[PDB]
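A.B. asks: What follows is a structure written as structure tokens; I'll ask about it next.
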There are 2 protein chains.
Amino acid sequence: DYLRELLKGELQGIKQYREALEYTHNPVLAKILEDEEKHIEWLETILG
Amino acid sequence: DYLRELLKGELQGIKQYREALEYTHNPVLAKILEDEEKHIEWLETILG
Ligand SMILES: [Zn+2]
Ligand SMILES: [Zn+2]
């Protein structure tokens, strides 16, 4: 069950990071959420 | 307050990923958890 508990939680971060560039205007979010966008599918691609 | 909400729970992934490789045995967690280890200090560094 742990994989689904993992996968549900990274999705909770992708949508919040896309808001934060309005207040930070930084290139850091163009690395952080750029990784979180791949990460969910990166865990999943392994399963089969 | 959004920054506190962003920061606190990336470690609710980092420690979980470190255990999950004992079941998965895959190099992808050495890209997922490799990046979550940066992600917290990445968004924390900007406020200085
Ligand atoms: Zn991630
Ligand atoms: Zn993260």
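Residues are referred to by chain and number: the chain letter is A, B, ... according to the order shown in the structure tokens, the number counts from 1 in that chain, and ligands are numbered separately from 1 in the order shown.
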Kindly compile the residues surrounding ligand 1 within 12 Å, counting only C-alpha atoms and all ligand atoms, and format them as a PyMOL selection string.
C.D. replies: (chain A and resi 6-14+17+31-43) or (chain B and resi 9-14+16-17+28-40)
A.B. asks: I need the residues in chain A that are alpha helix (DSSP H) according to DSSP; give them as a PyMOL selection string.
C.D. replies: chain A and resi 2-24+29-45
A.B. asks: Excluding residue 20 of chain A and its own-chain neighbours fewer than 4 positions away, which residues fall within 9 Å of it when counting only C-alpha atoms? Please give them as a PDB file with N, CA and C atoms, in the first residue's frame.
C.D. replies:
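For reference, out39.pdb as written:
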ATOM      1  N   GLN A  16       0.799  23.494  -5.501  1.00  0.00           N
ATOM      2  CA  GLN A  16       1.154  24.581  -4.591  1.00  0.00           C
ATOM      3  C   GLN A  16       2.393  25.349  -5.045  1.00  0.00           C
ATOM      4  N   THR A  24       7.638  34.799  -5.017  1.00  0.00           N
ATOM      5  CA  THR A  24       9.100  34.624  -5.051  1.00  0.00           C
ATOM      6  C   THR A  24       9.745  35.169  -6.326  1.00  0.00           C
ATOM      7  N   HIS A  25       9.075  35.079  -7.484  1.00  0.00           N
ATOM      8  CA  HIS A  25       9.636  35.324  -8.832  1.00  0.00           C
ATOM      9  C   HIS A  25      11.060  34.743  -9.043  1.00  0.00           C
ATOM     10  N   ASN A  26      11.330  33.537  -8.519  1.00  0.00           N
ATOM     11  CA  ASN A  26      12.665  32.910  -8.501  1.00  0.00           C
ATOM     12  C   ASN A  26      12.810  31.716  -9.472  1.00  0.00           C
ATOM     13  N   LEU A  29      11.893  27.508  -8.264  1.00  0.00           N
ATOM     14  CA  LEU A  29      10.649  26.796  -8.549  1.00  0.00           C
ATOM     15  C   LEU A  29      10.697  26.101  -9.919  1.00  0.00           C
TER      16      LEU A  29
ATOM     17  N   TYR B   2       2.410  30.142   3.657  1.00  0.00           N
ATOM     18  CA  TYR B   2       2.577  29.167   2.573  1.00  0.00           C
ATOM     19  C   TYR B   2       3.963  28.505   2.554  1.00  0.00           C
ATOM     20  N   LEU B   3       5.016  29.244   2.911  1.00  0.00           N
ATOM     21  CA  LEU B   3       6.393  28.736   2.995  1.00  0.00           C
ATOM     22  C   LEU B   3       6.535  27.653   4.069  1.00  0.00           C
TER      23      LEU B   3
END
A.B. asks: Using atom CA of residue 15 of chain B and atom CA of residue 48 of chain A as the two end points, give the distance in Å to one decimal.
C.D. replies: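 Pair atom CA of residue 15 of chain B / atom CA of residue 48 of chain A returns 24.1 Å.
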A.B. asks: From the options B:22, B:47, B:5, B:27, which residue's atoms come nearest to ligand 2, counting only C-alpha atoms and all ligand atoms?
C.D. replies: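 The answer is B:5, which sits nearest to ligand 2.
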